[PDB]
Amino acid sequence: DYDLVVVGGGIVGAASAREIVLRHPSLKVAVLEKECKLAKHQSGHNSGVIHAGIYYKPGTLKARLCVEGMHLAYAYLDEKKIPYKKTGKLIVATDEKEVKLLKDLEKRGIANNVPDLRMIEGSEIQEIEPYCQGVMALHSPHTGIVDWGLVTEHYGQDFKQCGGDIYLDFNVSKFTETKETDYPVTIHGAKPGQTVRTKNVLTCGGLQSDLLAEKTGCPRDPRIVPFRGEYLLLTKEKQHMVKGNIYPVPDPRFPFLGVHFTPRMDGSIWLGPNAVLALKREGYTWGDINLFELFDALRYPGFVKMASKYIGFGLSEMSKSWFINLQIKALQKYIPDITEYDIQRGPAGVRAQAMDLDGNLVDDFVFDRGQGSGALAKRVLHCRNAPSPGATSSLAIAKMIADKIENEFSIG
Amino acid sequence: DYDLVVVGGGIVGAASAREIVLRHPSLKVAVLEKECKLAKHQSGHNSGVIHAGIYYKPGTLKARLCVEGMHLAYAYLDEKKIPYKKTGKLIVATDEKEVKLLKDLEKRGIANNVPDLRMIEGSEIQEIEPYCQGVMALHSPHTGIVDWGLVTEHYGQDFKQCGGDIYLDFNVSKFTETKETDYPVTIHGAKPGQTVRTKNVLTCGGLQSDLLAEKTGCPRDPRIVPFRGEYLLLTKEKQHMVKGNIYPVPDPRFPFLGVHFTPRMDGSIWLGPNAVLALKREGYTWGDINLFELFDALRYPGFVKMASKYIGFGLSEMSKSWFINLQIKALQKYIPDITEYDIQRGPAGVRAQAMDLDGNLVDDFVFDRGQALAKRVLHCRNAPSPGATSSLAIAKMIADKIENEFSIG
Amino acid sequence: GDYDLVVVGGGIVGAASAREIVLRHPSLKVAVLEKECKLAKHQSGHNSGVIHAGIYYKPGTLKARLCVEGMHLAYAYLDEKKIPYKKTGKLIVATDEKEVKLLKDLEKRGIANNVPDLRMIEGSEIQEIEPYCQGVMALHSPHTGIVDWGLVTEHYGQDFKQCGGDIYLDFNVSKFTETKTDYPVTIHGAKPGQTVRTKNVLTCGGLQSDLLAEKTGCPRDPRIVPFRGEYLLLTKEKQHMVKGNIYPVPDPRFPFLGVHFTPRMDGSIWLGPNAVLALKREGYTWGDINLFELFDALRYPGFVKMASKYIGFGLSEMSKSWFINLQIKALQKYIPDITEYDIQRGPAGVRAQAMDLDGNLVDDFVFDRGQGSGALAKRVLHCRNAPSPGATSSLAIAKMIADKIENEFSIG
Amino acid sequence: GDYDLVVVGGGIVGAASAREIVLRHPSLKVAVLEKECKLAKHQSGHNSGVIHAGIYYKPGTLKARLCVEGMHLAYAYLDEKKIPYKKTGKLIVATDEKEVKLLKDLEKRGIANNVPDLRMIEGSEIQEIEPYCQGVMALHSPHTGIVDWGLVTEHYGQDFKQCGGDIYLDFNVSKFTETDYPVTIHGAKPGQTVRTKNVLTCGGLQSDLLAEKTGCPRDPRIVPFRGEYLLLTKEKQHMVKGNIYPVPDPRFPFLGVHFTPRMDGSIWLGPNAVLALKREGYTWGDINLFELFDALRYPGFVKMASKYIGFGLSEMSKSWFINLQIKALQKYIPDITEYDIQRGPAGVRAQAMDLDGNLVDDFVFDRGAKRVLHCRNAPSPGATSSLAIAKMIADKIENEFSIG
Ligand SMILES: Cc1cc2nc3c(=O)[nH]c(=O)nc-3n(C[C@H](O)[C@H](O)[C@H](O)COP(=O)(O)OP(=O)(O)OC[C@H]3O[C@@H](n4cnc5c(N)ncnc54)[C@H](O)[C@@H]3O)c2cc1C
Ligand SMILES: Cc1cc2nc3c(=O)[nH]c(=O)nc-3n(C[C@H](O)[C@H](O)[C@H](O)COP(=O)(O)OP(=O)(O)OC[C@H]3O[C@@H](n4cnc5c(N)ncnc54)[C@H](O)[C@@H]3O)c2cc1C
Ligand SMILES: Cc1cc2nc3c(=O)[nH]c(=O)nc-3n(C[C@H](O)[C@H](O)[C@H](O)COP(=O)(O)OP(=O)(O)OC[C@H]3O[C@@H](n4cnc5c(N)ncnc54)[C@H](O)[C@@H]3O)c2cc1C
Ligand SMILES: Cc1cc2nc3c(=O)[nH]c(=O)nc-3n(C[C@H](O)[C@H](O)[C@H](O)COP(=O)(O)OP(=O)(O)OC[C@H]3O[C@@H](n4cnc5c(N)ncnc54)[C@H](O)[C@@H]3O)c2cc1C
Ligand SMILES: CCCCCCCCCCCCO[C@@H]1O[C@H](CO)[C@@H](O[C@H]2O[C@H](CO)[C@@H](O)[C@H](O)[C@H]2O)[C@H](O)[C@H]1O
Ligand SMILES: CCCCCCCCCCCCO[C@@H]1O[C@H](CO)[C@@H](O[C@H]2O[C@H](CO)[C@@H](O)[C@H](O)[C@H]2O)[C@H](O)[C@H]1O
Ligand SMILES: CCCCCCCCCCCCO[C@@H]1O[C@H](CO)[C@@H](O[C@H]2O[C@H](CO)[C@@H](O)[C@H](O)[C@H]2O)[C@H](O)[C@H]1O
Ligand SMILES: CCCCCCCCCCCCO[C@@H]1O[C@H](CO)[C@@H](O[C@H]2O[C@H](CO)[C@@H](O)[C@H](O)[C@H]2O)[C@H](O)[C@H]1O
């Protein structure tokens, strides 16, 4: 049936399958997606921001992939004529304690060759953002916005135009060895009789990458810990208050960039996302929990270790979500004239945050295969984590994943 | 934009929208479905059985709808060349107390003109199911199996071929009196600028029929109480032990038919469905809990009343679900050589069980309308069971209702 | 100091054993440690008040003789101390022919156990004993009576104190240590400086017998699983409808006798007790949950095995407890003119039900000691379980325990 | 079994009030009912054991006067009855310049309350009183002391019995009925009744529940706040000599986790203020579903939570993870580690809350059966001001019931 099957129709799975068929036009490739459309999850519930590569440690692959992907993204958006807006970014420091870290971000930004990075303070802050306070600001004019869900759909259309097959409504449930065939791996869906046979498998399952890796025989670690990213909607009567992206100076101990003011493609102004621990892999709303997710995430050895040191930051995120009057006061340090009457609760996304046994939040590439003999081992590779930000670096991530499965499966 | 809009892409919403455009080929009709495809919920997570109409009280509309819908369905499957199998059904009794209840089902099935219902003695059971036990059984040779999701999609294509528009990914969130116009009702989705104008609306929202009715001004009752229906997967090494449908003798006090043996179009044998109270409206996943949906299901004044009488039967369902060994012990009364190692927990559906203030499990049509939006939005908050088998007959009923209600034609 | 022997537990078993030993050996210096500020605050003070005759128990067993002997010892002790009691009698009523088969099994065990004046009663003779009670056949035990077992326990204590024994109320035993020489065991209370030294220790800690046994190195099994026993009160206007004890025919697979009609000493008629799994060791109130004692009742290996067979029997007890109307319908099989409006919710007790690793509800004697040769392993004996019924069998249990520690500790 | 007045509650407030009223009116037949089998089983027997001096409280208010007078009456009572105490001075230590301004506020309020002999003490001077303690500035209250308040409560009850009062232990007041003595009080045991002309309630953690039994509004509700203590190892008890208190947030009635010696020489660290999920929830795992539902559904709860949830979560997190509590304590005693502390006992504060979310710290009296008065709250600190609180309650009883 297929030489290679990619499980996962997100932006990482779609860009991977697209990059693979472009390199190898004779390879019969399929994509299996449990939902009925691409980019239903992480790739369709994001900030829509095209990152430039400021915060990332210089000389590392993460810093390279973001700057790589950003230029590859803008070029791809021009090639396919996908709408986008280069709104620019302002990382605003509110006190002299945040300018010590802001200057560190300036050094990292320049070393990563972020285009046109410049530090700014005084009245120049109100030149870019007339309603924004702040001691000192970092200006990144090439940070833009886009619909990453629409981009993912274009990845799938490019994949199909090269002969690729996309199976929507295909919930991968089990892998089995084919009867003694040239396609030794059959993939089973949740619907009876729904199967697909293949030589090799790559999985890009986002919020369920650890669960997918277990069905091949991989260890439970790194576990995917869901972090809900909630957004607030600024009222249309005050959408003029922000023009581009206004980011805070975040704590560099964590990969999160903090709650930020970001315009959407349709003109809306979204405030977020935050980082509240979800009690469900797809916990898009508060109170939508899964008890197996609760009992297993709390008993995961890495969980207690991270909470032992960073319980305060997580509780502060949840408290500011429970009572948005605490959130708007944090937002008034940047835009003071926003009140509780100007914001409403908006939609949310869920980060697939990888975590090791020590409690560290994994931000590197993690590829994994089972420990069998063995047909389901050796032939099923699981991409359990890709470096952030996955949407901006998607085209650069795809080239790394294409190299990985080429060396792992002897293709080309 | 449209004259009538049907909210709900399930089998009941699709069949009604298809029936009304076939009766009135000049009506501009649309379908709004919050998901990305049709039959994503009840119509796509069912037992796949074409019921014959045995259990239902003679003379009632429910009894007529199931036998008529069953005949209309088989004609539609032949008409569209949709795959199906007439596997037949056995309703097996295991002791003599169950025999009395079985004899009542024979009288009802004969009064309902179920063709061709016959009672067989325990010796003749193995002529139909060689591995099944039992002292007596009711034999329904025309009970069948089908992919109701594929049938629901064919309803939509028929609807599309007649000129109807299907809006997928349209999560109806608000109804609005149109500002200006010949289309007084506006329907708002969850996305900005996602609207559709209409003259009349019919909702068939399944698990959210009560929440949809509330948006017009209808009372919170009857409430939709979700009942999870779990399925067990039998290994292929024992699939040969079940030829057709093997059903137990159920308690006539409830609308549930019990955990049964049923082949899929796959040929694989599924054991179910369950009848476990769900802690979430769309609680397909086992441990999924919604605190709002659970606290509202338990604070509903009808919940404590029905639980005060029948919580024992509900508790027996969950313990057999918690401990599969107890469910295996029950199924061995029919197929003895099946152990716990022969099964695996499979997917589940969620029944949209309507319930009034008195705790009754409503099992008939419930239409509702506000006290603009009150006269032009009709909500079908419940339809008679079984919805899939009777879908074509239910749609004829529903088309009759909105034809009189909205003066269509 | 201090003492030769210390009995931990001020219940009816610890008090009776301590009373029996000082009577056998008047020169022995014995003390009783009880954590509450009074005797018999738990099981011995929250019971049905019934003096059992010894009908249900297997002939030839030690449990069968202890209850028959204990009942004769109890009435003799009650007369001697002028403690008020009432020989109300007991009717074990069968309602169908299946319970009739189980009833004559009970009668034959009662005859073999030498239960005095046991007579099988039939049809209309039932109304001569209980005019308002129905049934198809009943077993009549005229010598089954009622008493305040809590008052009996305090009488054991005053007998103990009159013979020179010391009672330490408000002494919560926290740990045993070696006195590094005339009294090698030191017992520590909760408050610092609250210590007592002795040569040998017997524990009768009821709901915490397993927790006490772990403190000197014994295994966690058999673990005490708490079963709340709830009672309902009949309105005074209908007390006349119940003259004596009216019991149902129980399932012999379980130690529990069913919900029964029992008059109290003040003329009250109590309906109970049931057998509902407590979510807390001392869970006398519904809703009182202890996360530790709950999460360790489950996850205990014997629990899931026991539930995998009998979960339905426990849930029916719960369903009738939550919905009193379901309990009244079952009680109407015996007394029909009793409605839901005629009853009130009353107090509850909690059974200290021992459970082995296989999931069996242990109902016999269980002793335990440390696994070494040191002071703690050799000088501390734990009674992890006493046979049912503990209150009726107390005087007989005491002589067995007295015989046991006489051999184990070379006393006398 | 018949009495003129019955006091429900055998804590320090109920015992001191019953003692005060029989001393004023020796012919009044008075009884006290206590549901436990001993006095001072709860708040009065699970406290910091500190005799406060009256530093934090606003001058001119009833709180500031009752504590200063109460501690003077307490010291005189302890000397008269020969009850052991130690008189280990207090040190309220500020650790940053942002804390010295709040400490100066406590000094101005302390001198206005006439706390002897309050004196602001500078950084170099801190080691002269606590050699191991850090700080940039501190407030020295040498007359603050320690005592076993449970032993004091039992001495109140003995004075009450010596004057002819009857103490009914193991008497769980469950119901009030009309019966001379028109009020009949029922216990939980069969046939356990007393009759009386008037009733006074001092039910601590169940004061709001007792007020409901006679038909009073459910507000103010008692919200339980568990107060956990940590135990310093014996090897480092020499590192603190007396009370070492921090500079607390003046918006709340809590004084914060502090270093405090006990009568046996032990050093206890606490108490914190974590929301308990049970009225008598002395341990973290011990919760009550009913006494969790209603505390959340109480209209005042979410109002206070919407403003100060961060302070409650900070308390809980430091309780869940000891390392975070140690880092806070190291600002005062730097050379202690997790190996130097162990988890200790806990108390539960009967914190009264109004419908607006305010933590009530004043007197609250509630009449119904019009012969039943419920003291739903007494001002803090209840133990130190016990004898002063009793006189006020005695005045209220004499005017409400016309005794004398
Ligand atoms: C709140 C939020 C905001 C973000 N903002 C930005 C931003 O501004 N800029 C940026 O560059 N990045 C951003 N990101 C990151 C970006 O969204 C992700 O890195 C990226 O979407 C990851 O893509 P993915 O395909 O790996 O995950 P997904 O998009 O979630 O893809 C996983 C897919 O696998 C499918 N799947 C899972 N299990 C199975 C199975 N068993 N069978 C079949 N299919 C299965 C799922 O249905 C899903 O479609 C944001 C992320 C979040 C959470
Ligand atoms: C476990 C199970 C087994 C069954 N087995 C059988 C069987 O063997 N035989 C048989 O005949 N019947 C069977 N049934 C019954 C049958 O499946 C249902 O009666 C039938 O599918 C009901 O159709 P429906 O369209 O009303 O429900 P649904 O299919 O649930 O349709 C509701 C639709 O409304 C949509 N919707 C809801 N809210 C909104 C909104 N705000 N905006 C837009 N769209 C919205 C939902 O997305 C959904 O697609 C079974 C049912 C269950 C639960
Ligand atoms: C609901 C119910 C009804 C019953 N009805 C009857 C009946 O009708 N007839 C009959 O014959 N029997 C009856 N029984 C059985 C009888 O009540 C018990 O078998 C018996 O009372 C148990 O005696 P015990 O002293 O071992 O238990 P307990 O009375 O519980 O004594 C244990 C004591 O040890 C103390 N303790 C525990 N840990 C420590 C520690 N660390 N330090 C100090 N002290 C400690 C406890 O505080 C307690 O006082 C009934 C039991 C129950 C639960
Ligand atoms: C952790 C903590 C530390 C403290 N530290 C200090 C300190 O250092 N200095 C200081 O001055 N103060 C301190 N306090 C305050 C002091 O302990 C209390 O203010 C004081 O004990 C209140 O006394 P009370 O009698 O009102 O409460 P309680 O002592 O709780 O008395 C209430 C009594 O009523 C009884 N009761 C309740 N319901 C019924 C019923 N239905 N029938 C019969 N009886 C019933 C209870 O059994 C209980 O004995 C502290 C408090 C806490 C919680
Ligand atoms: C297991 C449970 C424990 C949870 C595990 C640890 C969770 C850690 C969460 C990391 C926090 C999310 O990221 C955090 O976002 C906040 C909120 O914007 C940022 O905070 C920043 O911006 C906000 C406004 O947005 C300002 O008011 C604030 O003064 C400033 O610090 C932090 O600089 C950043 O670190
Ligand atoms: C909301 C809380 C309270 C819940 C409310 C009550 C829920 C009602 C559920 C009714 C039970 C479901 O339907 C019930 O299915 C079971 C299981 O097949 C049938 O049971 C029958 O078949 C099974 C095999 O499956 C046999 O082992 C069993 O002996 C026989 O009685 C019952 O006859 C039928 O009544
Ligand atoms: C921990 C989870 C699993 C729980 C473990 C299993 C618990 C088992 C408890 C056994 C039940 C208690 O004991 C059980 O009481 C019931 C109810 O009175 C008795 O029932 C009997 O009397 C009652 C009236 O009281 C009648 O309505 C009934 O028809 C008759 O059978 C049973 O004969 C007896 O077996
Ligand atoms: C119901 C949910 C919401 C809960 C409601 C809000 C609860 C508020 C509780 C108030 C906090 C308890 O009291 C609080 O104790 C802490 C910890 O000692 C004190 O904190 C002080 O001392 C600690 C060490 O002890 C120092 O590390 C700290 O820098 C200093 O501020 C606060 O000054 C005081 O305000």
Side-chain angles (χ1 to χ4, degrees), chain A residues 266, chain B residues 1-10 12-27 29-35 38 41 155-156 159-160 162-173 175-176 178 181-190 192-196 198 200-219 221-222 224 352 365-370 372-374 376-383 394-395 397-409:
Chain A
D266 61 9
Chain B
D1 213 328
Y2 302 95
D3 307 320
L4 178 75
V5 281
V6 182
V7 180
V12 171
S16 302
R18 169 192 179 269
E19 175 70 45
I20 197 77
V21 303
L22 288 165
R23 291 183 176 184
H24 316 275
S26 164
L27 201 68
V29 192
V31 167
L32 311 184
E33 163 54 53
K34 70 188 174 103
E35 310 293 349
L38 310 165
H41 291 286
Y155 292 174
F159 174 71
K160 253 142 56 164
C162 295
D165 295 349
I166 298 186
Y167 288 86
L168 298 172
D169 285 317
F170 201 116
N171 189 6
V172 172
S173 310
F175 294 93
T176 281
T178 307
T181 198
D182 310 305
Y183 307 96
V185 177
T186 310
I187 312 191
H188 299 254
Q194 188 179 18
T195 61
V196 152
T198 182
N200 298 126
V201 190
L202 165 79
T203 75
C204 299
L207 290 161
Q208 288 92 14
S209 74
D210 52 355
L211 317 186
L212 271 161
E214 286 174 352
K215 304 189 172 307
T216 286
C218 291
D221 63 285
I224 298 307
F365 276 118
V366 173
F367 298 94
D368 209 354
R369 69 279 285 172
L373 303 192
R376 294 182 175 277
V377 180
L378 180 70
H379 303 277
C380 174
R381 304 180 65 159
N382 190 67
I394 285 166
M397 226 68 261
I398 284 182
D400 286 356
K401 184 90 192 184
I402 63 177
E403 270 167 39
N404 297 334
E405 181 103 23
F406 299 141
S407 296
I408 290 176

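By convention in this document, chain letters (A, B, ...) are assigned in the order of the sequence lines, proteins followed by strands, and residues within each chain are numbered from 1.
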Nearest heavy-atom neighbours spanning [X] and [Y]:
| X | Y | answer |
| --- | --- | --- |
| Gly8(B) | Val31(B) | O-CG1, 3.9 Å |
| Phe175(B) | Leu373(B) | O-CD1, 3.6 Å |
| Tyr167(B) | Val196(B) | CZ-CG2, 4.1 Å |
| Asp368(B) | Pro219(B) | OD2-CD, 3.7 Å |
| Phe406(B) | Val201(B) | CZ-O, 3.5 Å |
| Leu27(B) | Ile408(B) | CD2-CD1, 4.0 Å |

Quick check for you: to the nearest 0.5 Å, what is the distance between [X] atom [atom1] and [Y] atom [atom2]?
| X | Y | atom1 | atom2 | answer |
| --- | --- | --- | --- | --- |
| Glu35(B) | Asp169(B) | CD | CG | 8.0 Å |
| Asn171(B) | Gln208(B) | CG | CD | 8.5 Å |
| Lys34(B) | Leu32(B) | NZ | CG | 13.0 Å |
| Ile402(B) | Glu19(B) | CD1 | CD | 9.5 Å |

**Study point:** Test side-chain contact (heavy atoms from CB on, under 4.5 Å) applied to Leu202(B) and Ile398(B), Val7(B), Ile20(B), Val29(B), the passing residue
**Key:**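 Filter result, single survivor: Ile398(B).
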
Exercise for review: Tell me yes or no: between the side chains of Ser173(B) and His188(B), is some donor less than 3.5 Å from an acceptor?
Suggested key: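 Checked: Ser173(B)/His188(B) side chains show no N/O donor-acceptor pair below 3.5 Å.
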
Taking [Y]'s backbone N and O only, do any of them form a donor-acceptor pair with [X]'s side chain (distance below 3.5 Å, no angle check)?
| X | Y | answer |
| --- | --- | --- |
| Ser209(B) | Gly205(B) | no |
| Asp210(B) | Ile224(B) | yes |
| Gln194(B) | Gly189(B) | no |
| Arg381(B) | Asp221(B) | yes |
| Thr216(B) | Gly370(B) | no |

Practice item. Determine, step by step, whether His379(B) and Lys215(B) satisfy the side-chain contact (heavy atoms from CB on, under 4.5 Å) criterion, reporting the C-alpha distance in whole Å, the side-chain angles of both residues, the deciding distance to 0.1 Å, and the verdict. Key: CA-CA 10 Å; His379(B) 303 277; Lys215(B) 304 189 172 307; 5.9 Å; no

Practice item. Given side-chain contact (heavy atoms from CB on, under 4.5 Å), test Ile166(B) with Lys160(B) step by step and report yes or no. Key: CA-CA 7 Å; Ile166(B) 298 186; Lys160(B) 253 142 56 164; 3.6 Å; yes

Review point. Does the side chain of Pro222(B) reach to within under 4.5 Å of the side chain of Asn382(B), using non-hydrogen atoms?
Key: no

Review point. Are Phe159(B) and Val6(B) side-chain neighbours, meaning at least one heavy-atom pair lies under 4.5 Å?
Key: no

Point to revise | From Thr198(B), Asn200(B), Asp165(B), residue fulfilling side-chain hydrogen bond (donor to acceptor under 3.5 Å, both in side chains) relative to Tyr2(B) | key: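 Output: one option passes, namely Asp165(B).
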
Exercise for review: Anything under 30° is parallel, anything over 60° is perpendicular, the rest tilted; go ahead and classify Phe367(B) against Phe365(B).
Suggested key: parallel

